[PDB]
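A single chain comes next, written as structure tokens; it is the form deposited in one PDB entry.
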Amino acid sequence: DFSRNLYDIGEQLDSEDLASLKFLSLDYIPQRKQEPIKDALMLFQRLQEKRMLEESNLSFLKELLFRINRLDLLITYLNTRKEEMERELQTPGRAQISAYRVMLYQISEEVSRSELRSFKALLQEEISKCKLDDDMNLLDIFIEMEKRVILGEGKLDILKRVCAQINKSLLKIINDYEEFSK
């Protein structure tokens, strides 16, 4: 019944819900230990292993389902209303997920497609410290690469590794030049 119910809940959860749930459970289950988990039921049972989910303890489950906005599953399988979960989670100490994970997840919620792509681009820029706006051309990029000492008369490795994933003609130009350096 109970485990059967858990399977029932697990059946209605897709890949996105699985990823979100695994992220929200990082406070108890390490990220490397999550890769064997391929569905929601494995996660549920892993939670049972840490005694955070049993017939007498459905709190963390309800919290998880509430965070990912699966209120339908709460009503259907757990008989739980949104008002109850809110009233509970506002009460201090009753929250079992850290404010950090919650914060990151809410950020992930607020972000759209374009905002996500922009997030990747901006992150890459903040890591490499080489902001490549659409103002500069390929020549300026070459200059920046020579400045970074990653491009030169005898250093074409990165240029080739980039051009190979774009167009064979470019790589053919590079090789033509490189073989004329006999």
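The first residue of the shown sequence is 1; numbering continues from there.
When 130-138 is weighed against 146-154, 130-138 comes out higher, by mean CA B-factor as recorded in the entry. Two stretches are in play, 115-123 and 31-39, and the higher mean C-alpha B-factor belongs to 31-39. Residue 55 sits in the highest third of its chain by CA B factor, as recorded in the PDB entry. For residue 102, the recorded CA temperature factor ranks within the lowest third of the chain's modelled residues.
Residue 91: CA B factor lies in the highest third for its chain, per the PDB record.
In the deposited entry, the Cα temperature factor of residue 83 places it in the highest third of its chain's modelled residues.
Note that the form deposited with a partner chain bound isn't included here; everything after this is about it.
Put simply, residue 45 is close to the partner chain in the deposited complex: some heavy atom of it is within 4.5 Å.
With a 4.5 Å cutoff on heavy atoms, residue 41 counts as touching the partner chain in the deposited complex.
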